[PDB]
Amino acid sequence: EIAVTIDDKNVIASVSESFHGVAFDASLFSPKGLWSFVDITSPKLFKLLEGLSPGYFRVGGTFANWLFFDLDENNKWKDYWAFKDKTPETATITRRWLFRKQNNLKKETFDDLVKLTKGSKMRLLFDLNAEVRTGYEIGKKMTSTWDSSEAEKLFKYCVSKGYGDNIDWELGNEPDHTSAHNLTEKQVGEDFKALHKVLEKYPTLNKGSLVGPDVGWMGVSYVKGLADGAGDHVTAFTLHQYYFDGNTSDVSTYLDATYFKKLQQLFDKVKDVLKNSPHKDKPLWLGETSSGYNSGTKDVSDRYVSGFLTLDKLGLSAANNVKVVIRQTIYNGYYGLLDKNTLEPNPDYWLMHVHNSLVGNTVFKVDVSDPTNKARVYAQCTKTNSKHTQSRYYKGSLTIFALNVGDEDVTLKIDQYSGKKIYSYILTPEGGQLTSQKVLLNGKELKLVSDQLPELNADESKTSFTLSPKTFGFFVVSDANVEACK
């Protein structure tokens, strides 16, 4: 029904081996530390994160700009206007600042995060506070300089504990959108230059990635500002992306293929802003991404139907040589991968785990004949070393994956592999309901067991590349014997 060509001869991208990531929002902290519901210690969580490994665990977001390591009564910043209650005098001087005062990142919570990420083969990507600044004068002096004293308190603690081998750093978050000090593109460049100079003093903490500036399409000027100011010291540019407002959306929004292209346009805008930069080919990460902003869509974005945009994003990012995709959030909000209380995995968790199991980092271009875009196809090399695929598929195997938001059955006519052996991994909702919170792999429900991931049951009843309406899945062409994959 649908014509599909895969150019399996030309590698268009090579993503990170650590392609998958999850975000742990800094809004999980309070002045007293984590909210009481937050679980970063259950064996269960270690097993679920391992299922997305090797990957990234991002601690960050808007609230990172009022998080304080080991907050006590003597803290340097406690008497500073941006970290006190709003006054008539400070009420109109900021860019959308929330005046939430100070949250506490406790020593033992930072210990637990290092333990969790090390334990799960995840890197800890920590979002440092950018709104601790000197030189500002209310109503007189707009300019202000990043003050590294807070970051160095955490760096000294890391060195004291022998932490660092799995820690990556970023600084601030969406400065274009929310900022006490109205940070400019030039200031963010200067901030990253200054952080890189500090990290030079902590060599055990400076071997991983320094990424920024964590902006979406309205803030791409800050990517250019960061490239100009500190580009020679930045590993990768972190981008943020959401297709729509989750709060005004419903089940139909999550099936709407007109949204797909929003992601491509973000990548095009970044390439354009960088067109006159030595850093035009700097790796891009999605450092914080989901379908709906404003915490997603209640009782929708934690359900099966979230999977369509989730899968399209994973394939289109990889096709654009975006190295890392960090999903907002591991839990909390309506777009959580897990239930925040039970850690029970939502359908998007299972979709990411299956993608992580079957999909390697070498990427090919897929030409698909469907001007409607209701059917989306991607092709990358089968991952050969996942607990699933180890000694099961071998280098040269191709993983094709696809989604179908149409209300028809589609057959992908992939002539060039006609007569090859197909292993199918088809994800459908329990009870046929798009809002199901339970997902079937080839008719079997995916679930844990004494906190163990279930074995993936491949379906060897091949024959064609077909999707039922409103489904997605992966097809491993075990004997594709693709040269680029060897």
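So that there is no doubt, residue numbering starts at 1 and follows the sequence shown.
Mean CA temperature factor is higher for 275 to 283 when stretches 275 to 283 and 216 to 224 are set side by side in the entry. Stretches 239 to 247 and 384 to 392 differ in mean CA B factor, with 384 to 392 having the higher one. Within the group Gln416, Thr90, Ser291, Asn294, the record's highest C-alpha temperature factor is found at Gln416. Across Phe37, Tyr56, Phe68, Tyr423, the entry's maximum B-factor at the CA atom is seen for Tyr423.
The deposited CA B-factor of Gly307 belongs to the middle third of values across its chain. In the PDB entry, a CA B factor belonging to the middle third of its chain's modelled residues is recorded for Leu45. Annotation for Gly139: C-alpha temperature factor in the highest third relative to the rest of the modelled chain, per the entry. Ranked against the other modelled residues of its chain, the C-alpha B-factor of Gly406 as given in the entry falls in the highest third.
In the deposited entry, the Cα temperature factor of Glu73 places it in the highest third of its chain's modelled residues.
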